[PDB]
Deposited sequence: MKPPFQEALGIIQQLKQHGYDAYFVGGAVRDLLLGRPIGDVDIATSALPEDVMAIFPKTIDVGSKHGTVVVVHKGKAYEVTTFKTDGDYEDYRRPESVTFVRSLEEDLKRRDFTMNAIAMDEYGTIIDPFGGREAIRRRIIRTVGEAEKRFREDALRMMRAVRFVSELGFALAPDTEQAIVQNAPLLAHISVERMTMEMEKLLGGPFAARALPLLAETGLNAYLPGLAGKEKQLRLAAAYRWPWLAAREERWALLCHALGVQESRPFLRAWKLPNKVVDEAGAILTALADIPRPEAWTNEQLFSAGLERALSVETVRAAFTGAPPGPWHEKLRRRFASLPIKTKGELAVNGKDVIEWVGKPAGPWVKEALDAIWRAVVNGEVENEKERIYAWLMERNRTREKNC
């Protein structure tokens, strides 16, 4: 009894004591056997949602309508779900029927309270071989829920299994069925897929299967998805870093409409574009300017250098370290640190408030950051006063 299951045992044990019968199901079982770090623990049972909610003190009703109830047990959330047959939903008492309806054999294993693997579909066998194979007829399953095809690919990215020959074939043959699946759902698969350790060969697969060109903005980018195999994807440590690089590798022109079409939240779309733009604007790591670094703020500069690294092969290590150093010597680090205020500039220049003020303050921060003048009132004043009779001597 490995620690992730050890603590979830309470749940099974209690469902059993009320005469129910429950099992560990899902990736966690897969992971355990595969030797992976264990993902998160799910419990399937013969108990119906209102029974689960009656037995355990804290329960969250996530979706009891399709069998699932969240149980908070000794401090964590677990998803407990009644055994079901995938049509509205029908509940049963057969664990075997509940496994039959699961996507791939690896995912279709179960473990009992005593640690016994129950594996009626040869998932264990598929794990030894490292194969993603559909439970039952590859074709039928994908018709039932086209999204399964997407998962199959991401699983390739996540575990470096290979697609079974006939399962793969089914995908190309059943590609179209995707555009019936709501974007949101595809996005979370894509995101996982990009963060796969094997992302490097999952992107190409996205092309050699029919899946490309039913995914948003991946219309005929087949050439592009193949050359993607050369990108050092796994050093991307962040969501934005990922999307950014995806764009860069697909030669995406305007980041905004694309990342939007994927229904990613605004802040991510923005930040990804930010990185992307910075990267167009700084073509070499030495090229960073106090200005642009200040402008970008340490984090994003770092991400830029990481995304660059994932494209070049040059580890970001040394740059990240110089950026960290530079940033911490920037005479000011935010605009709010500026020792001088918009209203000061007004009193000094005898001009009424307006759009010239921004321009002033802008020229000032830059001058402070470039260290042309200290961040102190008296010295900016002189600086500004003297630079206003220079604009007179020029035109």
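- Of the deposited sequence, only positions 88 to 96 lack a modelled C-alpha atom.
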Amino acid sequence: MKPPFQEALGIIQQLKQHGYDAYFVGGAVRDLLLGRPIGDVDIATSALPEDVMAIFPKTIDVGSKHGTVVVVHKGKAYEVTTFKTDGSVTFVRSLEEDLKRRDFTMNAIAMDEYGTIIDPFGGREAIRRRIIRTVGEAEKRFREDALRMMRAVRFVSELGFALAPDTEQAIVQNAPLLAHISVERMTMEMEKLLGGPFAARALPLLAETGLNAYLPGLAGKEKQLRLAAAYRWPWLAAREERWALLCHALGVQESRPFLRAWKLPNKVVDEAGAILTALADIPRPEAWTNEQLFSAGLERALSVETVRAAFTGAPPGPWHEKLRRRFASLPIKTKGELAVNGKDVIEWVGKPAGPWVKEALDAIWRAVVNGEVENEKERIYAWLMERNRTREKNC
From here on, numbers count along this sequence of modelled residues.
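- Comparing 198 to 206 with 173 to 181, the higher mean C-alpha B-factor in the PDB entry belongs to 173 to 181.
- Relative to its counterpart among 96 to 104 and 211 to 219, 211 to 219 has the higher mean temperature factor, C-alpha atoms as listed in the PDB entry.
- The top Cα temperature factor in the record, among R141, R239, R300, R128, falls on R141.
- In this entry, the residue among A164, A244, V156, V304 with the greatest C-alpha B factor is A164.
- The entry lists a Cα temperature factor for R308 that places it in the lowest third of the chain's modelled residues.
- Per the deposited record, the Cα B-factor of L338 falls in the middle third when ranked against the other modelled residues of its chain.
- Ranked by Cα temperature factor within the chain, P49 sits in the middle third according to the deposited record.
- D112: CA B factor lies in the lowest third for its chain, per the PDB record.
- For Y231, the recorded CA B-factor ranks within the middle third of the chain. Only modelled residues enter the ranking.
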